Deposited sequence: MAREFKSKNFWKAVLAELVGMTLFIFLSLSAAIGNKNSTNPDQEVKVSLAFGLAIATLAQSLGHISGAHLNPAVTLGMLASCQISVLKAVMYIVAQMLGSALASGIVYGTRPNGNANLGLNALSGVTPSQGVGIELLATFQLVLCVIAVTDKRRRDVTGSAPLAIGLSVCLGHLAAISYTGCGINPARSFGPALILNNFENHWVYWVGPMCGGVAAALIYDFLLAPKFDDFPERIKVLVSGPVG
């Protein structure tokens, strides 16, 4: 039964849309909330617990990538088809834009922005902070392992939290191109937006290649 014609495939695409819409609605709500060094841990926790909770809730349905950089890492890791990667990323961008429009209707941590770093510094920070996330996703979901006895969704969520703690005061922490894209589109502010695509996507592919080709090869 071909993937494009398969009920399970489109349920998985729907889970990604649903999960992304909730991820961005909840996280942006925390980030805009009710200045910005005070919010850093709260926001970091909100994004990380949002991913932990939605991956626990949907991961068995779609994988709960909720992140084009995770999806691209899985594609580079040959774990998903090109069709799945395209549809997941479309669903992620749509869900993020939908959530952003709800939450919103500059200023705060909703919109990723560089803070005291240049664009090329921001690209490197986003790359390393996404690299560690996609490395964790790939490693903790590696079907060869028998030693992942705790919660894989929680490990991924806490890696999202970690990426925020590291990057939020420099780039606002995107590590997720669809998460950056939603508020950019809604606010019609694409300043430095390419940083939040180039960095995370290179980091996600780099994580798949380093895990799979060097560290724990097939």
> Could you list, start to end, the deposited-sequence stretches with no C-alpha atoms?
Replying inline: 1, 36 to 38, 110 to 114, 228 to 244
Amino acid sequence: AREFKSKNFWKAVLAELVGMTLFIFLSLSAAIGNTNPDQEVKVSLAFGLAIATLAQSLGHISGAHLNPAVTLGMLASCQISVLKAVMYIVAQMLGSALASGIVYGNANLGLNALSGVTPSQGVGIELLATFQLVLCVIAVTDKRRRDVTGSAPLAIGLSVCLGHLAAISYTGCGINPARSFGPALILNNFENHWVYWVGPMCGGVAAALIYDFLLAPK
From here on, numbers count along this sequence of modelled residues.
> Which is higher on average in the deposited entry, the C-alpha temperature factors of 186 to 194 or of 165 to 173?
Replying inline: 186 to 194
> Looking at the entry, does 39 to 47 or 175 to 183 show the higher mean C-alpha B-factor?
Replying inline: 39 to 47
>> Splitting the chain's C-alpha B-factors into thirds, which one does residue 207 fall into?
In response: middle
> Relative to the other modelled residues in the chain, which third contains the C-alpha temperature factor of residue 33: lowest, middle or highest?
Replying inline: highest
> Against its chain's modelled residues, does residue 96's Cα B factor rank lowest, middle or highest third?
Replying inline: middle
>> Test of reading the entry: by CA B factor among the chain's modelled residues, which third contains residue 73?
In response: middle
> If you rank every modelled residue in this chain by C-alpha B factor, which third holds residue 122: lowest, middle or highest?
Replying inline: lowest
